[PDB]
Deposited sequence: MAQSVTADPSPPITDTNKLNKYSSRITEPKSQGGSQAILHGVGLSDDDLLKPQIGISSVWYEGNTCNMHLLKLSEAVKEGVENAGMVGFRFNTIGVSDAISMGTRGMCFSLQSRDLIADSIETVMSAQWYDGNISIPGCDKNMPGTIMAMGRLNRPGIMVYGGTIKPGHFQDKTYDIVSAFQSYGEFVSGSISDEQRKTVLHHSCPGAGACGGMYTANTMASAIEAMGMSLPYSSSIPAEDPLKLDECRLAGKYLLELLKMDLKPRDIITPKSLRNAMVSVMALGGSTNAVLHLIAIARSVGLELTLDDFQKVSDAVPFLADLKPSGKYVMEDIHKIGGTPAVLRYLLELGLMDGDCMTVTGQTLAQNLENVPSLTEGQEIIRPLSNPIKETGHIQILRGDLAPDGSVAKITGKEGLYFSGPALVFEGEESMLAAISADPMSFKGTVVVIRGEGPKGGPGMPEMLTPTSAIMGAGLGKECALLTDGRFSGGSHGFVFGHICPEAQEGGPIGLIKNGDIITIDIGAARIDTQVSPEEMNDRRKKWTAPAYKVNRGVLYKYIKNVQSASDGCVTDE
């Protein structure tokens, strides 16, 4: 099925032998001697160590230190380590600006970057070190494409001075068996994080011996395990995009309806910010992600037979770990969940026929109806609510043209919800977008609406005054406009000009699939 990267020419150096053994590759051997390899080093496995260090983010500035520890442990395990580094960007910096147009796509750029180096240099395995920014799914996608043994070492969340995207994905990737136990919950710069770094080489050596590859570890069942952790912990709706992209990277299928089925089957149990009170460090103090997953596995919610990067199954990893600390108030018992099903909800209906994603707490009621108030981008919406906030009362606010192609880049938006809260309009309107809304968003806020306006989806045909009725029980975002009149509007509609004609965002427009398809770019 998936055909992307070179095949190997059992041996632990299945790939690097392509350039270390035949003499026809003497030029390769000469460079390797030049970078410090001895004759005996040429026989060893070669590990690409890919960090996402950069200085403009607290979540990434210390990752070179972690990458050094990883290399030391790779050497202490009898292998050769080759460090390299790719880009990443900070949403806390770019939030509220057109810089956010470059954020989501950097995930796919990172996947391309790591795939490129691993393929060109013939490395046998990968250890990736993403920070607590949001691009780490990119490292897993690269490993799925290559299908060489790999481990993701989460850089760690910063201690306080929330289950946003980074904590959501780190936890989910640990649940999926691609990070070592506790990787997601040990804080950044904790001494145990450095120790994890120094042990990744030992574990990867064993995966090379077993030839336990990413497509042996990432399976329909381990993908479900990842989704279970998202639902139980209240994780971010961005997980829909990222877990779909990860599933596609290994040649598997994952749809919006798979997310609904897991959501319906898993209660929301974790009293964690943004919805709740506690943060990832509090999880760390009561037994960490392994304790949480042990509990979910004991409740029968997880498949324990899935292989992991420990070289053992999830159940074998969790059998021994300390359980959640007696008396802890963070993870609710199954009898008293924060919500009986998951926060993440898939909705269709007239205006989102190919899907949409919401975070529903169960506290906001089942219906909203109002006349549409339509904005062609975040900027006009913010201006209108500044000049005339009362015009928003009772409306269904539509911020369109913010999808993967229309944005471009499917930017995450935070100011619209803040402005609505600040104007006292929180329970008095609903919000629709073909883009995304930040992690503090919940209730009658719907993102990822497909097809996006740029593609002529119904969201692009809404007019001011159209009566929109959102029904959470029926999972529908409907319009009072007749289907015939919306077809009339579709016939008279023409795509707006793209906002760019060059550069990385124009390539994204040329390559990106819909949000319901995880915005994958390589299909």
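- By the record, the deposited chain contains unmodelled runs at 1-3, 13-16, 169-212, with no C-alpha atoms placed there.
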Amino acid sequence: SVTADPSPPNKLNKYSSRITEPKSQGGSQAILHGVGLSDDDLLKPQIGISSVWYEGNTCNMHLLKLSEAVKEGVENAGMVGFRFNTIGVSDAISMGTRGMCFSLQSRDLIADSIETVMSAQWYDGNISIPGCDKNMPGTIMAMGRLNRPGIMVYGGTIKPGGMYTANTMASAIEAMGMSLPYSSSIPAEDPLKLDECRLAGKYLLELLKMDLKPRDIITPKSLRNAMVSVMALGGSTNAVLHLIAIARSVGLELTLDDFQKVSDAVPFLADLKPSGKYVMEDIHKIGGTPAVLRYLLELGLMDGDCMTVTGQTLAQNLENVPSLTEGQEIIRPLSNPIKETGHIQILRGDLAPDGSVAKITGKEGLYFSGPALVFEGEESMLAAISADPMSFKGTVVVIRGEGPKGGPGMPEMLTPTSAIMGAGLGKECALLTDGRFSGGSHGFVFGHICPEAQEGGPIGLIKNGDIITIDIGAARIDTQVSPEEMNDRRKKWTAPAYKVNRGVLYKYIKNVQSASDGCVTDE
From here on, numbers count along this sequence of modelled residues.
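- The stretch 333-341 shows the higher mean C-alpha B-factor when 333-341 is compared against 185-193 in the entry.
- Looking at 311-319 and 415-423 together, the entry lists the larger mean B-factor for 415-423, computed on C-alpha atoms.
- The residue among 163, 245, 100, 347 whose C-alpha atom has the highest B-factor in the PDB entry is 163.
- Across 357, 169, 279, 118, the greatest Cα temperature factor reported in the deposited entry is at 279.
- Remark: residue 507 belongs to the lowest third of its chain, ranked by C-alpha B-factor as recorded.
- Among the modelled residues of its chain, residue 467 has a C-alpha B-factor that falls in the middle third according to the deposited record.
- For residue 16, the recorded CA temperature factor ranks within the middle third of the chain's modelled residues.
- The deposited CA B-factor of residue 437 belongs to the middle third of values across its chain.
- Residue 6 sits in the middle third of its chain by CA B factor, as recorded in the PDB entry.
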